[PDB]
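Trainee: Got a structure for you, questions after.
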Amino acid sequence: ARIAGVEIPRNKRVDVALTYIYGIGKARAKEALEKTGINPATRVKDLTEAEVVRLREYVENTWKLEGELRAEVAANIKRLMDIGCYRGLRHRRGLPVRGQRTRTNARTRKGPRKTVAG
Amino acid sequence: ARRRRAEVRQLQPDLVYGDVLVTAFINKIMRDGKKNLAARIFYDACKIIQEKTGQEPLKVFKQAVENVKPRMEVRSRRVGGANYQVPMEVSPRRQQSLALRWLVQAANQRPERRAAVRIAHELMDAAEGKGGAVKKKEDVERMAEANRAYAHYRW
Amino acid sequence: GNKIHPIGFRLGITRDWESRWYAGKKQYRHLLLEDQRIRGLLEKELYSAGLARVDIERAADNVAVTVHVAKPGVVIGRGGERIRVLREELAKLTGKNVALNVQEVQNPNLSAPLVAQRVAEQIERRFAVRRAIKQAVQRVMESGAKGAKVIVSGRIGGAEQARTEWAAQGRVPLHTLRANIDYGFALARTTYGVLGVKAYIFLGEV
Amino acid sequence: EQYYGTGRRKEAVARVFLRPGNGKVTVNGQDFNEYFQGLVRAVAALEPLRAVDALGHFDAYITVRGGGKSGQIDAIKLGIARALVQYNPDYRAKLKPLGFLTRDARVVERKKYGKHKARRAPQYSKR
Amino acid sequence: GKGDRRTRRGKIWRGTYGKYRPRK
Amino acid sequence: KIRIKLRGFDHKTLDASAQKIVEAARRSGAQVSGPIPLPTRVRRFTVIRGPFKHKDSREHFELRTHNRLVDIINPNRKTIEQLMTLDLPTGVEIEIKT
Amino acid sequence: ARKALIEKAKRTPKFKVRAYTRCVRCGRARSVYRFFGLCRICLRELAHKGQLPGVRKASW
Amino acid sequence: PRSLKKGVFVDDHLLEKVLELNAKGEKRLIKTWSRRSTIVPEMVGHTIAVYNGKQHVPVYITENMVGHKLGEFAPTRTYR
RNA sequence: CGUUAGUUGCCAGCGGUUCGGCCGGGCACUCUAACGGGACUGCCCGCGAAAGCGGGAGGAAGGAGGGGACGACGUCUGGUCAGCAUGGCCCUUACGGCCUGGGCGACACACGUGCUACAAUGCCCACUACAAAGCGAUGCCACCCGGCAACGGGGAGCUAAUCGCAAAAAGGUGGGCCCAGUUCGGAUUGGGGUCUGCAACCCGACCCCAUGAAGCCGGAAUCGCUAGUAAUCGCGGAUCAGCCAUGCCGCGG
Ligand SMILES: [Mg+2]
Ligand SMILES: [Mg+2]
Ligand SMILES: [Mg+2]
Ligand SMILES: [Mg+2]
Ligand SMILES: [Mg+2]
Ligand SMILES: [Mg+2]
Ligand SMILES: [Mg+2]
Ligand SMILES: [Mg+2]
Ligand SMILES: [Mg+2]
Ligand SMILES: [Mg+2]
Ligand SMILES: [Mg+2]
Ligand SMILES: [Mg+2]
Ligand SMILES: [Mg+2]
Ligand SMILES: [Mg+2]
Ligand SMILES: [Mg+2]
Ligand SMILES: [Mg+2]
Ligand SMILES: [Mg+2]
Ligand SMILES: [Mg+2]
Ligand SMILES: [Mg+2]
Ligand SMILES: [Mg+2]
Ligand SMILES: [Mg+2]
Ligand SMILES: [Mg+2]
Ligand SMILES: [Mg+2]
Ligand SMILES: [Mg+2]
Ligand SMILES: [Mg+2]
Ligand SMILES: [Mg+2]
Ligand SMILES: [Mg+2]
Ligand SMILES: [Mg+2]
Ligand SMILES: [Mg+2]
Ligand SMILES: [Mg+2]
Ligand SMILES: [Mg+2]
Ligand SMILES: [Mg+2]
Ligand SMILES: [Mg+2]
Ligand SMILES: [Mg+2]
Ligand SMILES: [Mg+2]
Ligand SMILES: [Mg+2]
Ligand SMILES: [Zn+2]
């Protein structure tokens, strides 16, 4: 069962299977199950190729998705980086952007601990 | 307890079996103050054990407990430098607490998915003489009689 | 660093507030402010008269301030001269059109704030502090006063090192809130610095 | 005709009205079990009637408000026992050894400044 | 858990309202 | 309908205040409903004991507003007669609503 | 604090947001209870003096 | 996630300055302490020295940067 | 437990019912808040010279019933002249004073204190049930309407035992997940938007879409609590336009 750009969720509930798609979360999954009139609880394996083709129809071109998404986000970064934007400097130096504190607990954004002497 | 004997708490009889040992076992199952959860766990496990085997779950609970009771353990005592593992008997009160605790901590090391499944199955195994609880008891009783050479340090 | 305030301790029983009225969320702030300005200006003008307590009551826009003084003569003045000047000065600050009452104090040596003030006065003129202290405890002790205690803080006699002085008499049981201990604080300012003066008096039981 | 007991446990009140009847119990306009039953300790509330074998003698109407349903249950135990004593005072000497007529004075200990929750102290290091 | 702000319990942990925790 | 809202920080001023009212209204009016007590509004304030920490030593004070209700039923004159201005208390405060 | 910093009294703040509490008795900047208009310290001193009507020693 | 919701805010100091500088042609470096303000499309092409607290930095304002605020290009801190 | 008191309480009791204490009405009960009573080793057995100890009845409660408030002579040259006061020494087109802007939020690292977790005694969804204590007059904001929502418009009531915050959460019934870095976990990041505020780049909170990191019970070591305690669950307030509150101070399950 391939829906988006090549994507094969299997053997699980369709609403949760769609999460395995890049541009789909729980919200967009429940929406595509909603407007396509498919019981969300069915196993992917039990899906009709008619229901499947309808799902591909809706999902493939309603929102920009896996490839175009990854690219558009990357180009969105290079956008604020190419300009002298501050946010761009934070993305350059691999630091938190949202206005967090860096004096401790920057571990997710930056280079898990690299210790020096004292 | 530096001043007094620190008298034992008197538990309330079980709402179902009118039995106190059951209430204590429920208490050891209960976590984060959820006694209703713990009780439903225990009793659903009583259905499991009473169906998969045609005997009264009461007698199996008592027997399973009874087979985990250790009669001897080991305690460190600081003697002339590094201390020693010193065997001695186990208070009946302490046999109680240890056997129930071991039963619960063993049941949760079981592969079974639901709680009452583990509880029932561990109760059955321990009542038949097998199961992890009876192995903690057999290992502790192996700690005594091994360091038996220090039976003069009784204290 | 122990021993919390005795008057603050006893506000419930065997002590009454120096301000007794009622107010809401919108009122209490500036009424308390007004009380503070009152006690301020009175402490300015009446220090020579020996004032101990100023009681501020309010029913509705009326002010029943009662001053407790050792020598009411200084308060009133000759034929009511000063009680005109400063009592009009009072209603100039607060537009309450506020009245005023004067009350004598029998045995100024029995009012803890007054005793503290007298001792601090002696300190600002540089008298021997242990004499001033034991003498004050006699003035208190020689009249009623089932207990009495006096504390003077550091820089005794202008000494380089701060010190703490002493000599209570009778029984001053701060720990029991039964028997109406009185407390008063005074401040002696001198060339060598600042000096705290604490006065405990013990009177009555139940 | 009718007998009454108040009962109280841990910030909760439950007025117990006993009358001779089938044995059916009403709470707050809900069946006894429609209020409880999902709660295992429920039956404990009725332990006063089993000590004197007063099961099928009395119907009861209860008014329970305050606290949580467990303390409510204990309040009901006490109320049933208080009415049960006013009915026949000779039940005192039967109900007393079980202590069903004793009030449980244990209440939530007050939160104290400096501590986290009234006993639990914030942890420290010394280094 | 109480950390997911788009679950009911994360909402009640922050004491806030949204799509995943309405009012009535 | 004659409502008398009694409010005060001192609970003895409120009682010494209300009792005189009832004794002035019972000589004239119907059976007054009663001095019905209303619950107490308690504002608490917690403050660190010293300046410049020693955070963990705070002491708190509480200011308690006490409330009382009167409700004279059918008074005409000899009630209001003794009620113009006869009260002693100071820290008490009274509102009237009709 | 400083006398100049009691310019809040003369606020005319030019923006409503620049108004701050400023305990009156001691000129405290930081911790100022709004119901008494005093700071925590001055509140403690005036409460122990007994110059705050209705304010008792909290105990329960 | 950035929000002014309506009436996109730009301080009046430089607004009446740049709009008048448009009528007379592109002008040289300008002085700005007000980075509070957003950027509007009629700033494109100018050169604005923004304050960081210490110095004035010259900023060439381009088409791609109309949505941001001044001082996004005039950072405050100096590290390494 | 009682006395006083009844616009919170009540088919306990009957009357009416748009079956909601709604009305009539009543204070009995629950409660609210003032005054009281009650526990004293007073009673019994035993030990003892005594004080007292053990046990027992009665009792709501016993040997300090439970929790507070309360911290002696002094110690540490303890903490703070940056809350206030203050001696002395300095500064006085300046150490003072106004403003705008930035900083107190910096990040290659280390420790402290906490939060949320690593899950099936769990997670999610629907439904439904039981608290105490507090705050509110331009504030609390029922309710209608728009909006997935934050929220906006409108607009009732409440100087508040009468109105509102308000939904308590765990729990209960029903259903989904099936041991997997997942329907665990919510970090990081893009994109869109509400609000307070003159103004959210440095530097706010909140909402919606998408992204879904580390983490699968923690080395040496180390902390808390002896009973409504630990553990766990939510609720409130202080300061404050707003908020970086997971803090603090309370509250009950
Ligand atoms: Mg008095
Ligand atoms: Mg001297
Ligand atoms: Mg006294
Ligand atoms: Mg006496
Ligand atoms: Mg009858
Ligand atoms: Mg708790
Ligand atoms: Mg409590
Ligand atoms: Mg989640
Ligand atoms: Mg602190
Ligand atoms: Mg100064
Ligand atoms: Mg401000
Ligand atoms: Mg009573
Ligand atoms: Mg009433
Ligand atoms: Mg009834
Ligand atoms: Mg003898
Ligand atoms: Mg005894
Ligand atoms: Mg006894
Ligand atoms: Mg006893
Ligand atoms: Mg005590
Ligand atoms: Mg006591
Ligand atoms: Mg004492
Ligand atoms: Mg030093
Ligand atoms: Mg010192
Ligand atoms: Mg800092
Ligand atoms: Mg709608
Ligand atoms: Mg009402
Ligand atoms: Mg009312
Ligand atoms: Mg009222
Ligand atoms: Mg289920
Ligand atoms: Mg996931
Ligand atoms: Mg990993
Ligand atoms: Mg796992
Ligand atoms: Mg202890
Ligand atoms: Mg706030
Ligand atoms: Mg932050
Ligand atoms: Mg909070
Ligand atoms: Zn102050």
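Naming works like this for the structure tokens: A, B, ... for the chains as they're shown, residue 1 at the start of each chain, ligands 1 onward in shown order.
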Write out as a Markdown table a residue-level contact list of chain A versus chain H with cut-off 6 Å: for each qualifying residue the closest pair of atoms and the distance in Å to one decimal, counting only C-alpha atoms, rows sorted by chain and residue number upward.

Mentor:
| residue | atom | partner | partner_atom | distance |
| --- | --- | --- | --- | --- |
| A:84 | CA | H:73 | CA | 5.5 |
| A:85 | CA | H:73 | CA | 5.1 |
| A:86 | CA | H:72 | CA | 4.9 |

Trainee: Please dump the current selection as a PDB file, in the first residue's frame; keep C-alpha atoms.

Mentor:
ATOM      1  CA  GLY A  84      22.371  38.334   7.378  1.00  0.00           C
ATOM      2  CA  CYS A  85      19.435  37.362   9.572  1.00  0.00           C
ATOM      3  CA  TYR A  86      20.063  36.626  13.248  1.00  0.00           C
TER       4      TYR A  86
END

Trainee: Please check which protein, DNA or RNA residues sit within 9 Å of ligand 19, counting only C-alpha atoms (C1' of nucleotides) and all ligand atoms, and write them as a list in words.

Mentor: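 Those residues are residues 64, 67 and 68 of chain I.
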
Trainee: Counting only C-alpha atoms, which residues of chain E sit at most 12 Å from some atom of chain A, and what is each one's closest atom pair with its distance in Å to one decimal, listed by chain and rising residue number, as a tab-separated table?

Mentor:
residue	atom	partner	partner_atom	distance
E:6	CA	A:27	CA	10.7
E:7	CA	A:26	CA	11.6
E:19	CA	A:27	CA	10.9
E:20	CA	A:27	CA	10.9

Trainee: Any chance you can output those residues with N, CA, C and O atoms as a PDB file, in the first residue's frame?

Mentor:
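Listed below is the output, again_34.pdb:
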ATOM      1  N   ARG E   6      -0.243  18.930  23.044  1.00  0.00           N
ATOM      2  CA  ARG E   6      -1.392  18.606  22.207  1.00  0.00           C
ATOM      3  C   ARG E   6      -2.088  17.322  22.647  1.00  0.00           C
ATOM      4  O   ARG E   6      -2.792  16.698  21.848  1.00  0.00           O
ATOM      5  N   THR E   7      -1.895  16.910  23.893  1.00  0.00           N
ATOM      6  CA  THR E   7      -2.730  15.906  24.528  1.00  0.00           C
ATOM      7  C   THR E   7      -3.612  16.600  25.555  1.00  0.00           C
ATOM      8  O   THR E   7      -3.354  17.739  25.949  1.00  0.00           O
ATOM      9  N   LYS E  19      -7.638  22.939  20.963  1.00  0.00           N
ATOM     10  CA  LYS E  19      -8.384  21.926  20.223  1.00  0.00           C
ATOM     11  C   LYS E  19      -8.411  20.603  20.978  1.00  0.00           C
ATOM     12  O   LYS E  19      -9.437  19.914  21.003  1.00  0.00           O
ATOM     13  N   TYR E  20      -7.299  20.239  21.609  1.00  0.00           N
ATOM     14  CA  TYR E  20      -7.186  18.969  22.307  1.00  0.00           C
ATOM     15  C   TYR E  20      -7.669  19.033  23.748  1.00  0.00           C
ATOM     16  O   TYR E  20      -7.548  18.039  24.470  1.00  0.00           O
TER      17      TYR E  20
END

Trainee: Which residues, written as a list in words, have at least one atom at most 6 Å from stretch 25-29 of chain D, with only C-alpha atoms (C1' of nucleotides) counted and residues fewer than 3 positions away on the same chain left out?

Mentor: residues 32, 59, 60, 61, 62 and 63 of chain D

Trainee: Would you mind listing what lies within 6 Å of stretch 162-164 of chain I as number ranges by chain, with only C-alpha atoms (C1' of nucleotides) counted and same-chain residues fewer than 2 positions away left out?

Mentor: I: 140-141, 157-158

Trainee: Could you take the residues named above and write them with N, CA, C and O atoms (P, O5', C5', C4', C3', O3' and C1' of nucleotides), as a PDB file, in the first residue's frame?

Mentor:
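To be explicit, this is the file written out as selection26.pdb:
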ATOM      1  P     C I 140      -9.973  39.514  35.171  1.00  0.00           P
ATOM      2  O5'   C I 140     -11.093  38.640  35.895  1.00  0.00           O
ATOM      3  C5'   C I 140     -10.820  37.999  37.132  1.00  0.00           C
ATOM      4  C4'   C I 140     -11.986  37.179  37.628  1.00  0.00           C
ATOM      5  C3'   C I 140     -12.691  36.312  36.601  1.00  0.00           C
ATOM      6  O3'   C I 140     -11.990  35.127  36.283  1.00  0.00           O
ATOM      7  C1'   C I 140     -14.304  37.444  37.881  1.00  0.00           C
ATOM      8  P     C I 141     -12.001  34.598  34.771  1.00  0.00           P
ATOM      9  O5'   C I 141     -13.506  34.125  34.551  1.00  0.00           O
ATOM     10  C5'   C I 141     -14.180  34.349  33.318  1.00  0.00           C
ATOM     11  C4'   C I 141     -15.594  34.840  33.538  1.00  0.00           C
ATOM     12  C3'   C I 141     -16.533  34.763  32.339  1.00  0.00           C
ATOM     13  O3'   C I 141     -17.085  33.469  32.160  1.00  0.00           O
ATOM     14  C1'   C I 141     -16.709  36.894  33.342  1.00  0.00           C
ATOM     15  P     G I 157     -28.030  41.752  34.675  1.00  0.00           P
ATOM     16  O5'   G I 157     -27.369  40.842  35.799  1.00  0.00           O
ATOM     17  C5'   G I 157     -28.117  39.815  36.432  1.00  0.00           C
ATOM     18  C4'   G I 157     -27.221  38.838  37.147  1.00  0.00           C
ATOM     19  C3'   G I 157     -26.322  39.421  38.223  1.00  0.00           C
ATOM     20  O3'   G I 157     -26.986  39.650  39.454  1.00  0.00           O
ATOM     21  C1'   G I 157     -25.031  38.075  36.815  1.00  0.00           C
ATOM     22  P     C I 158     -26.728  41.021  40.256  1.00  0.00           P
ATOM     23  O5'   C I 158     -25.424  40.725  41.113  1.00  0.00           O
ATOM     24  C5'   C I 158     -25.326  39.534  41.874  1.00  0.00           C
ATOM     25  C4'   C I 158     -23.891  39.143  42.097  1.00  0.00           C
ATOM     26  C3'   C I 158     -23.020  40.180  42.781  1.00  0.00           C
ATOM     27  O3'   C I 158     -23.221  40.255  44.180  1.00  0.00           O
ATOM     28  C1'   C I 158     -21.870  39.320  40.927  1.00  0.00           C
TER      29        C I 158
END

Trainee: For chain F, which residues have at least one atom within 9 Å of chain I, if we go by only C-alpha atoms (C1' of nucleotides)? Write them as a PyMOL selection string, please.

Mentor: chain F and resi 11-12+15+33-46+51-54+66

Trainee: Could I get the residue neighbourhood of ligand 33 at 12 Å, counting only C-alpha atoms (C1' of nucleotides) and all ligand atoms, as a list in words?

Mentor: residues 1 and 2 of chain B; 119 and 120 of chain D; 225, 226, 227 and 229 of chain I

Trainee: Taking only C-alpha atoms (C1' of nucleotides) into account, which of D:115, D:19, D:110, D:94 comes nearest chain I?

Mentor: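 Ranking D:115, D:19, D:110, D:94 by distance to chain I, first place goes to D:110.
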
Trainee: As JSON, numbers by chain, please: all residues of chain F that backbone DSSP puts in strand (DSSP E or B).

Mentor: {"F": [3, 4, 5, 6, 7, 8, 36, 37, 38, 39, 40, 41, 42, 43, 44, 45, 46, 47, 59, 60, 61, 62, 63, 64, 65, 66, 67, 68, 69, 92, 93, 94, 95, 96, 97]}

Trainee: Using only C-alpha atoms (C1' of nucleotides), determine which residues of chain I fall within 10 Å of chain D; present them as a count of residues only.

Mentor: 35

Trainee: If we count only C-alpha atoms (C1' of nucleotides), what is near residue G:34 at a cut-off of 10 Å, once residues fewer than 3 positions away on the same chain are taken out, given as JSON, numbers by chain?

Mentor: {"C": [25, 29], "G": [21, 22, 23, 31, 37, 38, 39], "I": [238, 239]}

Trainee: Skipping near chain neighbours, those fewer than 3 positions away, what residues fall within 6 Å of residue C:55 using only C-alpha atoms (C1' of nucleotides), listed as a PyMOL selection string?

Mentor: chain C and resi 18-19+65-66

Trainee: Taking N, CA, C and O atoms for each residue, export the selection above as a PDB file, in the first residue's frame.

Mentor:
ATOM      1  N   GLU C  18      -2.327  49.394  67.675  1.00  0.00           N
ATOM      2  CA  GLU C  18      -2.249  50.848  67.694  1.00  0.00           C
ATOM      3  C   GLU C  18      -3.141  51.487  66.636  1.00  0.00           C
ATOM      4  O   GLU C  18      -3.325  52.708  66.653  1.00  0.00           O
ATOM      5  N   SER C  19      -3.678  50.698  65.709  1.00  0.00           N
ATOM      6  CA  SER C  19      -4.654  51.161  64.734  1.00  0.00           C
ATOM      7  C   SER C  19      -5.796  50.161  64.720  1.00  0.00           C
ATOM      8  O   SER C  19      -5.578  48.977  64.447  1.00  0.00           O
ATOM      9  N   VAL C  65      -7.826  59.891  66.989  1.00  0.00           N
ATOM     10  CA  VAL C  65      -6.452  59.709  67.441  1.00  0.00           C
ATOM     11  C   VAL C  65      -6.312  60.122  68.895  1.00  0.00           C
ATOM     12  O   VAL C  65      -6.694  61.229  69.285  1.00  0.00           O
ATOM     13  N   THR C  66      -5.730  59.236  69.696  1.00  0.00           N
ATOM     14  CA  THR C  66      -5.471  59.481  71.108  1.00  0.00           C
ATOM     15  C   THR C  66      -3.980  59.309  71.359  1.00  0.00           C
ATOM     16  O   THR C  66      -3.419  58.240  71.086  1.00  0.00           O
TER      17      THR C  66
END

Trainee: Nearest residue to ligand 10 out of I:183, I:211, I:86, I:246, using only C-alpha atoms (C1' of nucleotides) and all ligand atoms?

Mentor: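 Counting only C-alpha atoms (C1' of nucleotides) and all ligand atoms, the residue closest to ligand 10 is I:86.
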